[PDB]
Amino acid sequence: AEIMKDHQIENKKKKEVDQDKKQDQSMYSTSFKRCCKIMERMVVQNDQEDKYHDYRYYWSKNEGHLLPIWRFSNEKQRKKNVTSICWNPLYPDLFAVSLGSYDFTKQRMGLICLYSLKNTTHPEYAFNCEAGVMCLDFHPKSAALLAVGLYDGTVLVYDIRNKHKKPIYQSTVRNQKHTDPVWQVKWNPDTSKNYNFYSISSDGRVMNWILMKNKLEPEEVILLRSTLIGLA
Amino acid sequence: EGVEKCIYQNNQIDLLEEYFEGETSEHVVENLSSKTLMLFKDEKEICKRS
Amino acid sequence: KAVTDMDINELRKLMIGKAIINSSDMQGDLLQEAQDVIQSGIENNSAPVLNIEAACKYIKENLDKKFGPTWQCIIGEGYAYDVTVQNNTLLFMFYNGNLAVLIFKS
Amino acid sequence: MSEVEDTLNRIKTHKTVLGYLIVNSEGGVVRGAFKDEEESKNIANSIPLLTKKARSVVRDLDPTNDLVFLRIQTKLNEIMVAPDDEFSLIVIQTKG
């Protein structure tokens, strides 16, 4: 305390405003949230200890053996199909699955779930969307940048960092969004020309999307394209 | 052999790691606004004056 | 740099001649006398390695001659105590690092 | 918020967990979700003294390094505590 008084250089913040409110949810919020999150995982850990001891080093001549360990699901979300899955390039524990609808004739809303290997009970992050999310991807350099594609060929971008959990970016008719769906979506590794996001539609136009301040610039890469009608 | 057992369990996963701990939103879309602070104008002039 | 660069092993090494007071039941003027004597006293008979007996041989005799006959002084790394003392007869000041000095007059 | 008050509801509903109890920094009960009250009153008084005593243990060895999470393991039960400056979260999970 006397050393901080001696050397007043970068005075200690975290001012004691707190939450307060007397009763009906007092604080229960940011240092305590960490303690709650840690407690949850460590409670799970003790019940799954038998499976976790196997996962790390069970160690499972021309024969192979595959062992299923954990299943991550939700009873509300049993209607939707898994479609695309991806792993974060920074963190090998955190992976993202993007639940959407197949079979065309039946179409519902889709929720993107980012399951951590830490907590297998429910997702680390949820993301409600307007239609079924077909394709999901992570940007190799900054793993926060999350690339999303869903029906009506709308292209979404999310940040895991952001708390509000709304889309950072969206494609519109004015930004030349492709019709029908977006089956596959990938990040360009190069970061010289901002952040290049690649997408394909069933309409059959490979679209390169560049991130700008409160706008998305589209660029037609190639067209798929014979005695037929329309684009392949 | 009882401690070796407890070392193994904690070495499986970090369990305290926070995914994107500290680092903020970074790039965030900022819409270009123009707030009109105050209007000036003449009062009871013969015609209008540009 | 500043507080962030500073680690415990750097803080202790950086500064040995610092002074820090916790409690102070004794009068303002009588502290100034004792504080100077104990600091100069310990550093003298700190020796190659800190003789905790030697420190409190010097402080005991000094504080017997200076004030009153039955003056009791104990120093240590860490300890718990409850000690009945006369009014305005007690100073508790710890030296830098791992040195806790309790002095009182019974 | 659903996020603290839901996670706390989730770990209670979770199978093989006797109850989660929030202790105030001044040894007080904010939320206490055990079956019998004697256990909850006993846990409210006894355990936060063990965590303060166990904080002084880790602190003596390295006074930069503070307690982030304490887990005791008994014969029948486990006792897991996540201490913070404002509040401390305590749980009792039976061993599988």
# chains A, B, ... in the order shown; residues from 1 in each chain; ligands from 1
call {"tool": "interface_residues", "arguments": {"of": "chain A", "to": "chain B", "cutoff": "6 Å", "atoms": "only C-alpha atoms", "output": "mmCIF file with N, CA and C atoms, in the first residue's frame"}}
result
data_model
loop_
_atom_site.group_PDB
_atom_site.id
_atom_site.type_symbol
_atom_site.label_atom_id
_atom_site.label_comp_id
_atom_site.auth_asym_id
_atom_site.auth_seq_id
_atom_site.Cartn_x
_atom_site.Cartn_y
_atom_site.Cartn_z
ATOM 1 N N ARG A 56 -8.338 -38.229 -22.048
ATOM 2 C CA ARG A 56 -6.965 -37.657 -22.115
ATOM 3 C C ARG A 56 -5.967 -38.717 -22.596
ATOM 4 N N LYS A 118 -14.525 -27.933 -21.982
ATOM 5 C CA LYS A 118 -14.609 -27.630 -20.526
ATOM 6 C C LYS A 118 -15.980 -28.060 -19.982
ATOM 7 N N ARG A 161 -16.383 -11.991 -28.652
ATOM 8 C CA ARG A 161 -15.984 -10.965 -27.647
ATOM 9 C C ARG A 161 -17.209 -10.151 -27.214
ATOM 10 N N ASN A 162 -17.987 -9.663 -28.188
ATOM 11 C CA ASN A 162 -19.181 -8.798 -27.979
ATOM 12 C C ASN A 162 -20.193 -9.530 -27.091
ATOM 13 N N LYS A 213 -16.226 -0.282 -42.375
ATOM 14 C CA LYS A 213 -16.889 0.388 -41.224
ATOM 15 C C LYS A 213 -18.360 0.648 -41.577
ATOM 16 N N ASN A 214 -19.260 -0.191 -41.047
ATOM 17 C CA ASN A 214 -20.743 -0.082 -41.150
ATOM 18 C C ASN A 214 -21.180 -0.286 -42.610
#
call {"tool": "closest_atom_pairs", "arguments": {"of": "chain C", "to": "chain A", "cutoff": "12 Å", "atoms": "only C-alpha atoms", "output": "Markdown table"}}
result
| residue | atom | partner | partner_atom | distance |
| --- | --- | --- | --- | --- |
| C:1 | CA | A:9 | CA | 9.4 |
| C:2 | CA | A:7 | CA | 6.8 |
| C:3 | CA | A:4 | CA | 7.1 |
| C:4 | CA | A:10 | CA | 9.6 |
| C:5 | CA | A:7 | CA | 11.9 |
| C:6 | CA | A:3 | CA | 9.8 |
| C:7 | CA | A:3 | CA | 11.7 |
| C:8 | CA | A:3 | CA | 11.5 |
| C:11 | CA | A:3 | CA | 8.8 |
| C:12 | CA | A:3 | CA | 11.1 |
| C:14 | CA | A:3 | CA | 11.1 |
| C:15 | CA | A:3 | CA | 10.2 |
| C:18 | CA | A:2 | CA | 9.6 |
| C:19 | CA | A:2 | CA | 9.4 |
| C:20 | CA | A:2 | CA | 7.8 |
| C:21 | CA | A:2 | CA | 10.3 |
| C:22 | CA | A:2 | CA | 11.5 |
| C:96 | CA | A:2 | CA | 11.1 |
call {"tool": "write_last_selection", "arguments": {"atoms": "C-alpha atoms", "output": "short mmCIF file (atom, residue, chain, number, x, y, z; two decimals), in the first residue's frame"}}
result
data_model
loop_
_atom_site.label_atom_id
_atom_site.label_comp_id
_atom_site.auth_asym_id
_atom_site.auth_seq_id
_atom_site.Cartn_x
_atom_site.Cartn_y
_atom_site.Cartn_z
CA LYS C 1 6.80 -0.83 -15.58
CA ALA C 2 6.07 0.61 -12.04
CA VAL C 3 3.82 -1.69 -9.82
CA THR C 4 3.41 -4.35 -12.63
CA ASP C 5 7.23 -4.82 -13.14
CA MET C 6 7.69 -4.88 -9.29
CA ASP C 7 7.57 -8.51 -7.94
CA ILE C 8 7.83 -9.46 -4.18
CA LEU C 11 10.32 -5.14 -3.95
CA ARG C 12 12.21 -6.65 -0.92
CA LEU C 14 14.88 -2.83 -4.18
CA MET C 15 14.34 -1.40 -0.63
CA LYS C 18 11.82 1.36 4.31
CA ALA C 19 9.64 1.80 7.47
CA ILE C 20 5.90 0.93 7.95
CA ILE C 21 3.69 1.38 11.11
CA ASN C 22 0.52 -0.79 11.65
CA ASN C 96 10.36 -4.48 5.49
#
call {"tool": "closest_atom_pairs", "arguments": {"of": "chain D", "to": "chain A", "cutoff": "12 Å", "atoms": "only C-alpha atoms", "output": "tab-separated table"}}
result
residue	atom	partner	partner_atom	distance
D:1	CA	A:25	CA	9.0
D:2	CA	A:25	CA	11.0
D:3	CA	A:33	CA	8.3
D:4	CA	A:33	CA	6.1
D:5	CA	A:28	CA	7.7
D:6	CA	A:36	CA	10.3
D:7	CA	A:36	CA	7.2
D:8	CA	A:36	CA	7.1
D:9	CA	A:40	CA	10.4
D:10	CA	A:40	CA	8.3
D:11	CA	A:40	CA	6.0
D:12	CA	A:40	CA	9.6
D:13	CA	A:40	CA	11.4
D:14	CA	A:44	CA	8.5
D:15	CA	A:47	CA	8.7
D:16	CA	A:47	CA	7.9
D:17	CA	A:43	CA	8.1
D:18	CA	A:43	CA	11.3
D:19	CA	A:43	CA	11.3
D:20	CA	A:39	CA	9.7
D:21	CA	A:36	CA	11.3
D:22	CA	A:28	CA	9.7
D:23	CA	A:28	CA	11.6
D:24	CA	A:26	CA	11.0
D:30	CA	A:26	CA	9.0
D:31	CA	A:25	CA	10.4
D:67	CA	A:35	CA	11.2
D:68	CA	A:35	CA	7.9
D:69	CA	A:35	CA	7.8
D:70	CA	A:39	CA	10.1
D:71	CA	A:42	CA	9.2
D:73	CA	A:46	CA	10.8
D:77	CA	A:46	CA	11.3
D:78	CA	A:46	CA	9.1
D:79	CA	A:43	CA	10.1
D:80	CA	A:39	CA	7.6
D:81	CA	A:39	CA	7.6
D:82	CA	A:35	CA	5.2
D:83	CA	A:35	CA	7.0
D:84	CA	A:32	CA	6.4
D:85	CA	A:31	CA	8.5
D:86	CA	A:32	CA	7.6
D:87	CA	A:32	CA	6.8
D:88	CA	A:32	CA	7.9
D:89	CA	A:36	CA	7.0
D:90	CA	A:39	CA	8.4
D:91	CA	A:39	CA	8.1
D:92	CA	A:43	CA	9.1
D:93	CA	A:43	CA	7.1
D:94	CA	A:46	CA	9.0
D:95	CA	A:46	CA	7.1
D:96	CA	A:47	CA	6.2
call {"tool": "select_by_dssp", "arguments": {"residues": "region 6-90 of chain C", "states": "strand (DSSP E or B)", "output": "list in words"}}
result
residues 19, 20, 21, 22, 23, 24, 71, 72, 73, 74, 75, 76 and 90 of chain C
call {"tool": "select_by_dssp", "arguments": {"residues": "region 11-61 of chain A", "states": "alpha helix (DSSP H)", "output": "VMD selection string"}}
result
chain A and resid 31 to 47 49 to 57
call {"tool": "closest_atom_pairs", "arguments": {"of": "chain D", "to": "chain C", "cutoff": "9 Å", "atoms": "only C-alpha atoms", "output": "JSON lines"}}
result
{"residue": "D:62", "atom": "CA", "partner": "C:8", "partner_atom": "CA", "distance": 8.0}
{"residue": "D:63", "atom": "CA", "partner": "C:8", "partner_atom": "CA", "distance": 7.4}
{"residue": "D:64", "atom": "CA", "partner": "C:8", "partner_atom": "CA", "distance": 7.0}
call {"tool": "residues_around", "arguments": {"residues": "residue 84 (chain A)", "least_positions_apart": "4", "cutoff": "7 Å", "atoms": "only C-alpha atoms", "output": "MDAnalysis selection string"}}
result
chainID A and resid 97:98 134:136
call {"tool": "decode", "arguments": {"residues": "region 1-47 of chain B", "atoms": "C-alpha atoms", "output": "compact mmCIF listing (two decimals), in the first residue's frame"}}
result
# COMPACT_ATOMS: atom_id res chain seq x y z
CA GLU B 1 0.29 -42.93 -6.26
CA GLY B 2 -2.65 -41.02 -4.58
CA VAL B 3 -1.17 -37.57 -5.56
CA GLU B 4 -0.08 -38.88 -9.06
CA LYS B 5 -3.86 -39.67 -9.52
CA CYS B 6 -4.84 -36.00 -8.70
CA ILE B 7 -2.02 -34.50 -10.93
CA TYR B 8 -3.34 -36.58 -13.93
CA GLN B 9 -6.99 -35.28 -13.52
CA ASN B 10 -5.98 -31.54 -13.43
CA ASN B 11 -3.56 -32.02 -16.43
CA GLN B 12 -6.51 -33.23 -18.67
CA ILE B 13 -7.95 -29.68 -19.22
CA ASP B 14 -7.09 -26.20 -17.75
CA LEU B 15 -10.78 -25.74 -16.55
CA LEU B 16 -10.01 -22.06 -15.47
CA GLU B 17 -9.04 -20.78 -19.01
CA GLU B 18 -11.49 -18.02 -20.17
CA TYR B 19 -11.96 -18.02 -24.02
CA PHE B 20 -11.07 -14.46 -25.28
CA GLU B 21 -10.24 -13.22 -21.72
CA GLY B 22 -9.49 -9.44 -21.59
CA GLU B 23 -9.31 -8.60 -25.36
CA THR B 24 -12.34 -6.40 -26.35
CA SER B 25 -14.62 -6.30 -29.50
CA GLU B 26 -11.72 -4.49 -31.37
CA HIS B 27 -13.21 -3.55 -34.84
CA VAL B 28 -16.88 -2.44 -34.27
CA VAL B 29 -19.13 -0.84 -37.00
CA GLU B 30 -19.62 2.93 -36.32
CA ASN B 31 -22.50 4.62 -38.28
CA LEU B 32 -21.67 8.20 -39.50
CA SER B 33 -24.06 10.61 -37.64
CA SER B 34 -24.33 14.48 -37.81
CA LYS B 35 -25.89 16.09 -34.66
CA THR B 36 -27.39 19.59 -35.35
CA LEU B 37 -26.22 21.52 -32.21
CA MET B 38 -27.95 24.94 -32.77
CA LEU B 39 -29.78 26.94 -35.53
CA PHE B 40 -29.16 30.71 -36.06
CA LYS B 41 -31.74 32.87 -37.99
CA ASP B 42 -32.82 36.54 -38.54
CA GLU B 43 -36.11 37.83 -36.94
CA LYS B 44 -38.83 39.88 -38.80
CA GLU B 45 -36.73 41.05 -41.84
CA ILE B 46 -38.22 42.56 -45.08
CA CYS B 47 -38.26 39.35 -47.26
